[PDB]
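Undergrad: Protein chains in written order, with the working numbering: chain A, 1 to 56; chain G, 57 to 476.
I have a structure here, written as C-alpha cells, and I will follow up with some questions on it.
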Amino acid sequence: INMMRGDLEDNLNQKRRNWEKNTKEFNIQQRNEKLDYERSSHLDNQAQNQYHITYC
Amino acid sequence: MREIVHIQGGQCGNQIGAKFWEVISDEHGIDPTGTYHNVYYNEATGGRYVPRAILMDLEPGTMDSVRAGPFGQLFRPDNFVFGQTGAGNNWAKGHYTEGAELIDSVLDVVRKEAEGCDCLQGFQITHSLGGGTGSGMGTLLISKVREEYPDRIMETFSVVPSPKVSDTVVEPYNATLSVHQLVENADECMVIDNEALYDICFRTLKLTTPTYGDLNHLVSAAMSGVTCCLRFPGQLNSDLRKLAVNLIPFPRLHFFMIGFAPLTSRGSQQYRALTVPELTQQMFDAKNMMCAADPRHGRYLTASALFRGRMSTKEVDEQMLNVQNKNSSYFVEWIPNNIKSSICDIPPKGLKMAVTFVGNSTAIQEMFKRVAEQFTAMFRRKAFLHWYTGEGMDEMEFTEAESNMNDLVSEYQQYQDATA
Ligand SMILES: Nc1nc2c(ncn2[C@@H]2O[C@H](COP(=O)(O)OP(=O)(O)O)[C@@H](O)[C@H]2O)c(=O)[nH]1
C-alpha cells in the first residue's frame, strides 16, 4: 500500500507539471500574438498616415 | 429623433449655408443630385434627399448665388423665400418695416418644417451681425421662434463684424442693435470674424489667394465637427445639449469661441507626424481660433473638445489634464476640472484625426468692448442716425442696446474676477 500511494502521488505531481507547461505554451503564444498585433497596427498606422497626407 | 433645422439669413449666412450643406453632403457620401453613393436631410420620393433648411434674404442675388454653386439643387423651392429690395446695409430695414412682411411668411415655412420632425433637438442659424438683412431678420426670427419653441436650443453660428478691417461704415450700429436682442433669446453665440480667418489662412497654410470660398469651407468644417460626434457613434458621445450644459454657468455667459484642428500646408504636411498631443498643441494655441482675441488675455471659463477618428481615450484625457494643469493661470480656479472631452468614431473624408474645440471664455469681452467703442464714438455725434430714426426707430433703443452690451461685458468681468 505504501508503494501504491507513492506511485499515485508521483503521477499527480507529473500531471501538475504537465499542466504548468501547457500554460507556459499558452503564455508564449499570447506574447507572440501581441507582437504580431503591434507590428501590424504600426504598418496600418503608416498606411493611414500616407492616405491622409497624400490627400491633396 | 434629435433632428436639426438649419435656418439661414443674409448673403454671408447664405453662402456659409451653401458651403456647409455641400461639405455635409461630401461627408455623408451624397452627390450634387441627392442620391446615395435623418438628422440633417429628409427623405423624398425616388430615394432623393433634401436638406432641412430654409433660405431667406431680401435680395434675389443670393438666390442666384446658391443656384450657381454646386449642390444647389439639393434644396427645395418651398424653402426659397426672397424679397425684392435688399436692406442695403441698413439694420432697421430688416427688422421693422420691410423685413417684417417676410418673417411672417418664414414662420409658415418653419411651422410646416419643424413639425415634420418628431423629436426636434433644436435649431441653428447662420448669418452676419453687421449686414442689415441677415442681422435684422435673424434677430426677429430668433425672437419669434424662442417665443414658439422655448424648450429647444437655437445655436447662432454668427459672424461678428471684422473689427479692424472694416468693409462697411455702419457696422457698429447694426452689431450693437443685434447683440442687444441676441443675448436674450439665444443659447450658443459662436462668434467668427474675418480677421482671424485671414490670419489662419495666411500664417497656417501659406495659401496664394484666399477667397471667401476658403473661409466658408473652413467655417463649414468647424460647423460639421461641432455636431459630428452626435451624427455618429463613439466611445463617449455628446450632443447639442450636453455642450450647452457643460459650457455655460449662467444664462447669459453663453458666447463661445471656435477652433479647428489640424491645419497645415504641403511643406509642413510632409513633416509633423499625426498624434494626439500635437493636435492639442495645435488647438490650444492662441492664433488657431476663429476669433481675433488672444485667449491668454482672458481666462477659460470652460472648454469642450470633440475628437473624431480612432485613438486611445487615455491619451486624450491625459493630454487634457496636462494642459489644464500646467497652464493654470490662463484657466479659472473657482471651477475645477473645467475642460471637457468627447470622442466620435468616424473622422472626416480621409482625415485620420480631427479636433473641434468650443470654448466659453472671458477673453472675448474685448471684441464687444471695441465694437461698443466704435458705436459710442459714432453715436455721440448722431452720425448716420437719420437713416434709422426715419424708419420708426427712436433714439432710446440705441442707449438701451449699448447699456445692455455694457451690462453683459460687466457680467463677464465681474464673474471672471471672482474667487473662492
Ligand atoms: N466669411 C464670409 N464673410 C462675409 C461674406 N460676405 C460678407 N461677409 C462680411 O460680412 C459683413 C457684411 O455682411 P453682408 O452679408 O454683406 O450683409 P447682408 O447683405 O445684410 O447679408 C461684412 O463685414 C462682410 O465683409 C461671405 O460671403 N463670407
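Heads up, the beta-carbon is just placed ideally off N, CA and C, and yes, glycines get one too.
Per DSSP, what kind of secondary structure is residue 291 of chain G in: helix, strand or coil?
TA: The answer is coil: DSSP assigns residue 291 of chain G none of H, G, I, E or B.
Undergrad: Is it right to say residue 33 of chain A is buried, meaning 16 or more other beta carbons lie within 10 angstroms of its own, or is it exposed?
TA: Classification for residue 33 of chain A: exposed.
Undergrad: With which residues is residue 396 of chain G paired in a DSSP beta bridge?
TA: Looking at the DSSP assignment, residue 396 of chain G forms a beta bridge with G:360.
Undergrad: So with Cβ pairs under 9 Å, would you call residue 29 of chain A a contact of chain G?
TA: No, because no Cβ of chain G sits closer than 9 Å to the Cβ of residue 29 of chain A.
Undergrad: Taking Cβ positions, are residue 211 of chain G and residue 271 of chain G nearer each other than 9 Å?
TA: No, Cβ-Cβ distance for residue 211 of chain G and residue 271 of chain G is not below 9 Å.
Undergrad: Let me see if you follow: with CB-CB separation under 9 Å, is residue 461 of chain G close to chain A or not?
TA: Cβ-Cβ to chain A under 9 Å: no for residue 461 of chain G.
Undergrad: Give the residues from the region 401-429 of chain G that approach chain A closer than 7 Å (Cβ to any Cβ), ordered along the chain.
TA: Those residues of the region 401-429 of chain G that come within reach of chain A (Cβ to Cβ, closer than 7 Å) are 406, 407, 408.
Undergrad: Compare the C-beta of residue 322 of chain G against all C-beta atoms of chain A and say whether one is closer than 9 Å.
TA: Yes - at least one Cβ of chain A is within 9 Å of the one on residue 322 of chain G.
Undergrad: Assuming contact is defined by CB atoms lying nearer than 9 Å, are residue 162 of chain G and residue 193 of chain G in contact in what I supplied?
TA: A contact, by the Cβ cut-off of 9 Å.
Undergrad: Given a cut-off of 9 Å, decide if residue 233 of chain G and residue 457 of chain G are closer than it, judged by their beta-carbon atoms.
TA: Yes, Cβ-Cβ distance for residue 457 of chain G and residue 233 of chain G is below 9 Å.
Undergrad: Looking only at its chain, what residues have a beta carbon closer than 8 Å to the beta carbon of residue 249 of chain G, apart from the 5 residues adjacent to it on each side?
TA: These residues qualify, in order along the chain: 215, 216, 217, 218, 219, 346, 347, 348, 423.
Undergrad: Helix, strand or coil: which one does DSSP assign to residue 218 of chain G?
TA: If DSSP states are grouped into helix, strand and coil, residue 218 of chain G belongs with coil.
Undergrad: Considering only residues of the same chain and omitting the five flanking positions on each side of residue 183 of chain G, which have a CB-CB separation below 6 Å?
TA: 65, 66, 69, 190, 194, listed in sequence order.
Undergrad: Can you look up residue 79 of chain G in the DSSP assignment and give me helix, strand or coil?
TA: In the structure shown, residue 79 of chain G sits in a helix (DSSP, three-state: H, G or I).
Undergrad: Name the residues in the region 330-342 of chain G whose C-beta lies less than 7 Å from a C-beta of chain A; which are they?
TA: Listed in sequence order: 330.
Undergrad: Would you call the CB atoms of residue 108 of chain G and residue 90 of chain G closer than 9 Å?
TA: Cβ atoms of residue 108 of chain G and residue 90 of chain G: not closer than 9 Å.
Undergrad: DSSP beta-bridge partners for residue 100 of chain G?
TA: In DSSP, residue 100 of chain G forms a bridge with G:104.
Undergrad: What separation, rounded to the nearest whole angstrom, lies between the Cα atoms of residue 137 of chain G and residue 118 of chain G?
TA: Going by the C-alpha atoms only, they are around 11 Å apart.
Undergrad: Have a look at the DSSP bridge pairing and note the partners of residue 345 of chain G.
TA: Beta-bridge pairing links residue 345 of chain G to G:315.
Undergrad: Please report whether the beta-carbon of residue 18 of chain A lies at a distance below 9 Å from any beta-carbon of chain G.
TA: So no, residue 18 of chain A is outside the interface.
Undergrad: For residue 48 of chain A, which residues in chain C fall below 7 Å Cβ to Cβ?
TA: Among the chains of the structure shown, chain C does not appear; the protein chains present are A and G.
Undergrad: With distances taken Cα to Cα, identify the nearest neighbour of residue 284 of chain G among G:401, G:159, G:157.
TA: Measuring from the Cα of residue 284 of chain G, the nearest candidate turns out to be G:401.
Undergrad: Is there contact here, the region 253-263 of chain G with the region 127-143 of chain G, by at least three beta-carbon pairs under 8 Å?
TA: The region 253-263 of chain G vs the region 127-143 of chain G: no contact.
Undergrad: Let me know if residue 175 of chain G comes out buried or exposed under the rule of 16 or more other beta-carbons within 10 Å of its beta-carbon.
TA: Residue 175 of chain G should be labelled exposed.
Undergrad: So, are the CB atoms of residue 289 of chain G and residue 409 of chain G less than 9 Å apart?
TA: Not a contact, by the Cβ cut-off of 9 Å.
Undergrad: Ligand 1 and residue 206 of chain G: does any heavy atom of the ligand fall closer than 8 Å to the residue's C-beta?
TA: No, Cβ of residue 206 of chain G sits at least 8 Å from all heavy atoms of ligand 1.
Undergrad: Less than 9 Å between the beta carbons of residue 313 of chain G and residue 416 of chain G, yes or no?
TA: Cβ atoms of residue 313 of chain G and residue 416 of chain G: closer than 9 Å.
Undergrad: Between which two residues does the alpha helix (DSSP H) harbouring residue 300 of chain G extend?
TA: Residues 296-303.
Undergrad: In angstroms, rounded to a whole number, what distance separates the CA positions of residue 200 of chain G and residue 371 of chain G?
TA: Answer to the nearest angstrom: the Cα atoms are 45 Å apart.
Undergrad: What is the DSSP secondary structure of residue 1 of chain A, reduced to helix, strand or coil?
TA: Reduced to three states, the DSSP call for residue 1 of chain A is coil.
Undergrad: How big is the Cα-Cα spacing for residue 186 of chain G and residue 429 of chain G?
TA: Between residue 186 of chain G and residue 429 of chain G, the C-alpha separation is close to 15 Å.
Undergrad: So residue 325 of chain G contacts chain A; which residues on that side make the cut at Cβ distance below 8 Å?
TA: Within chain A, the residues near residue 325 of chain G are 53.
Undergrad: To the nearest angstrom, report how far apart residue 237 of chain G and residue 397 of chain G are at their CA atoms.
TA: Their Cα atoms are separated by approximately 31 Å.
Undergrad: From what residue to what residue does the beta strand (DSSP E) around residue 237 of chain G run?
TA: Unbroken run through residue 237 of chain G is the alpha helix (DSSP H), 227-241; no beta strand (DSSP E).
Undergrad: Would you please state the rounded distance, in angstroms, between the beta carbons of residue 306 of chain G and residue 247 of chain G? I believe it to be under 8 Å.
TA: Contact flag wrong, Cβ pair sits at about 18 Å.
Undergrad: Checking the sheet assignment: what are the DSSP bridge partners for residue 184 of chain G?
TA: Partner(s): G:215.
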